[PDB]
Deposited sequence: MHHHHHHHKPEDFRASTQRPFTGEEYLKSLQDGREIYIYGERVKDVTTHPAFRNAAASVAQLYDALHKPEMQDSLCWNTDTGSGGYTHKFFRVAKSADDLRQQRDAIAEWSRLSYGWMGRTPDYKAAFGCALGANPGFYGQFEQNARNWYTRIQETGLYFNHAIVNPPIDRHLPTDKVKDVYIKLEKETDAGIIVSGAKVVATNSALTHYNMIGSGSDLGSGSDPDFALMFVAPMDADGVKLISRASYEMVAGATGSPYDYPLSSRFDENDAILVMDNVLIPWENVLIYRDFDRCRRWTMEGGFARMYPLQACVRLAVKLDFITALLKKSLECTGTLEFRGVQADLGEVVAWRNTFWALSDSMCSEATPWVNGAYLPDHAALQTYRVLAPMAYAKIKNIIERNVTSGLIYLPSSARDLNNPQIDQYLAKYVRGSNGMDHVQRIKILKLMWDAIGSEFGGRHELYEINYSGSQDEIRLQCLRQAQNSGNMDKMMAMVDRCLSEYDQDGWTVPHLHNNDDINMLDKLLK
C-alpha cells in the first residue's frame, strides 16, 4: 500500500510521493507527546525532506546513468543500482558508485538511508532458498523493495535485562511470539536503536524456547507498533538555533528511537524465519546481508570523510594555521584515513566472489577491516580537528541574530575576520559547520554512532579474527610459519642451501 502512492509502478517513489506515503498515522512519541505527521512535525520534517531528495534524484535524467539500473523483475521499470542483485565485481563497483552519489546528497551524514537495507532486499532475492517454507516471501519482498524503493530499517538491539527480577517477567521484554493465527503471528517486545525508523515504511526484526527465534517484517503504521523517540537535534536547532548556526543538525538528524511492539499482527507474507534457532543462528554467515551492507556503510563513511577532510582544510584556511608544517602533516593524516576507506571499498568490489544463483558478494576481509578501522580513524580525526582548530571553535557568536543586529555585527566584522582575506560571515559560517560536525549534540551522537555501531571494539575484532579463520586465510598464514619452522631444528638447518654455523660458532672456545 505505501508504494500505491506512486503515480507509476515502473519507478520508485518520487520525493513528494515518499512524503505522502508517510502520512499514515504511525504511532510516534517525542517529548511526551504523540507526533501527528512526521512530514510536518518540527522534530522530523527536514530529515524527511532530506530523504525525499534522495528519491527525487533517481528521476533526474543526468543522474540516472550513475544511480539507476533497469529492474530484473520484468516490470520495464528502473531502480537504484544497489536495490538489484549484483552478478559481477563490476556490478558491485557500479553499486559502490551509486551509493556514493546518494551519500553525497547528505554530505555523508545520513547513515541509515534507504540503500542501507537495499542490501537486505538483495540478500532475500539472491538466496531465497535459505528460508525453506518462506522462500516465496523472500522473493516477493525482493521484488517489492527493488521496484518501489521501499525504505526499510533494521531494529536489532535487544532491551536490557534486570537480572534481579524473577526469570518470571523477563521474557516479556524480548521480541516474542504471543500467538499463531491463520491471519499471521502476533508479537510483542522491543528493539532499541531504530535509527531513523520514524521515516521508514517497514522495519526488519530479528534475534531455548523457539518462540524467540523469529525474523519478520513489520510496517511502521501497523497497530501496536510504536516509536519512543530520543531528543531531536533537528527540533532543538529549529527552536533555539538556525540553519546558519546548526547546518547539519537542522536537516540530517536520524532519530535513534526505541521500537515497541505491543500486540502486533504480522501477516504470514511478512514472516521470514519462524521458531527456527538453526536458521536464525546461520543467517549472519549464510543470509548474505551481513556480507553485503558494509559496502554501503564503508562508502557512506568515506563520503563523510571526504566532507570532513575538506572542511578541516577550510577551517584551517580561515584561522591561518594551514601553512604550518605540523598542521599540514595532521591534515595529511586525515587524508590518509579518508583514502583508506575508499581503498577498502575498491577491494570489496575487485575481489568480489561468486555466491549463489549468480550473485556476487564483496570481499569479506575488507568488510571486517572497515569495521575495525572506522572507530579508530573517526576518533583520531576528531581529535586532530579539535587540537588544530583550537579557539576557532569556542567563541563563535551565539547566533545569526548577532550578525543581523548591526550593534553587535559592527564588532564581529572587525574582530572575527577570516585570516585569508575572508569576511566574518563566511569565517563564522565555516567554523559553525565544523562545530556542528563534531561538537554539537548531533556531532557527539555521530561520534558515538561511528565508534559503536557494528558493535563493541572487542567484538568487531573477534569477528575479524573469525573471518580470517573461517575463510582459511589463517591456516594459509600458519602454513607459511610451519614451513619456516620446518627448515631448521635444534641441530641446525634441515635444508641444504644454507651454511651450518659449526665452522664459525665460538661458544666452545668461550666456555
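When the deposited sequence is numbered from 1, the segments without any C-alpha atom are 1-8, 216-222, 527.
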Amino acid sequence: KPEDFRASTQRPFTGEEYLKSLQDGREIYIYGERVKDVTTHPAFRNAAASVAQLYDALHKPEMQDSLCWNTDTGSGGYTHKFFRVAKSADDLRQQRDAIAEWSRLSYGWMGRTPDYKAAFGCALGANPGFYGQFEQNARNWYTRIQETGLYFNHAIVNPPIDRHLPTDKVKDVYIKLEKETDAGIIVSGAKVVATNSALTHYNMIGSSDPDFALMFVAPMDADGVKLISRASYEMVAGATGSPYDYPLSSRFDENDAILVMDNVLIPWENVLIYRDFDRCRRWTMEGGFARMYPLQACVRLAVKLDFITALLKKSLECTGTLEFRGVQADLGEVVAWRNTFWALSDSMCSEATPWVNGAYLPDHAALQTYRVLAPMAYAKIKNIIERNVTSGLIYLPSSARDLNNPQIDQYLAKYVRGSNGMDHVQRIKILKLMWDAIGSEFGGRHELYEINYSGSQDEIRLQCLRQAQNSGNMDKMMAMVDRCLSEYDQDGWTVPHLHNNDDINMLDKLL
From here on, numbers count along this sequence of modelled residues.
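Set 175-183 against 261-269 and average the Cα temperature factors; 175-183 ends up higher.
Legend: mean Cα B-factor per stretch from the PDB entry, 430-438 versus 280-288; the higher mean is in 280-288. Per the PDB record, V425 has a higher Cα B-factor than any other of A194, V425, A100, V236. Per the deposited coordinates, the residue with the largest Cα temperature factor out of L361, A400, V389, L331 is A400. In this PDB entry, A198 carries a Cα temperature factor that places it within the middle third of its chain's modelled residues. Placement of the Cα temperature factor of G206 within the chain: highest third of the modelled residues, per the deposited record.
The entry lists a Cα temperature factor for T40 that places it in the highest third of the chain's modelled residues. Among the modelled residues of the chain, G472 sits in the middle third by CA temperature factor in this PDB entry. Among the modelled residues of its chain, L396 has a C-alpha B-factor that falls in the highest third according to the deposited record.
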